[PDB]
């Protein structure tokens, strides 16, 4: 997250922190995710496509810091790593950039909801917020495009949704951004999601309900003028989500 504010997990309780175990035992952060039901974390396929071994992943819930065992946090392994069959990556555009991670504790249990661990409601079909709606993003991603380290403390920011027509303008992304994708950015280009925020939530309050409207997917640079963050439009994927969680 470029700009925005440092936060804690109690303000983003659906936020999942996903890490990967390397040969030799080193653990590195991979991507964010969102808890949609006690057993299920939703994220982005691009986070995992090059390392598709479910055994390598560690998922935390109720975790506020990159290297601190937050009080009340729960640690999980991935019982099932479901990648979208039609995922593909172009120079910028990532297609069907959605993944499901079935989570299991060492005792074989799914998440236990608490003050710091909660699910995020899925959107309704054909009912996304209007362009200009303010939405929030969360993640452990870069604070600056030139950084190689990620922030130790969890961050959040607020961005505005951009219409498909504006996002398809030539100085924006042209025909590379599709109707299955949602653009969102700061009108002043000062705050944005960045590398490391992928898989994480784009949460919109719609009709008084906090909803998982999007999943951080792709973008040209970070907080760049005319280059919004591009998010997987969760409402398009409701049939795929329902079919793969059953």
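Residue numbers count along the first chain shown, from 1.
Of the two segments examined, 138-146 and 123-131, it is 123-131 that shows the higher average Cα temperature factor in the deposited entry.
Between the stretches 84-92 and 153-161, it is 84-92 that shows the larger average CA temperature factor. If you compare the C-alpha temperature factors of 27, 181, 36, 49 in the entry, 27 comes out highest. Sorting the modelled residues of the chain by their CA temperature factor places residue 204 in the middle third.
The entry lists a Cα temperature factor for residue 99 that places it in the lowest third of the chain's modelled residues. Ranked against the other modelled residues of its chain, the C-alpha B-factor of residue 20 as given in the entry falls in the middle third. When the modelled residues of the chain are ordered by their C-alpha B factor, residue 168 lands in the lowest third. Residue 189: CA B factor lies in the highest third for its chain, per the PDB record.
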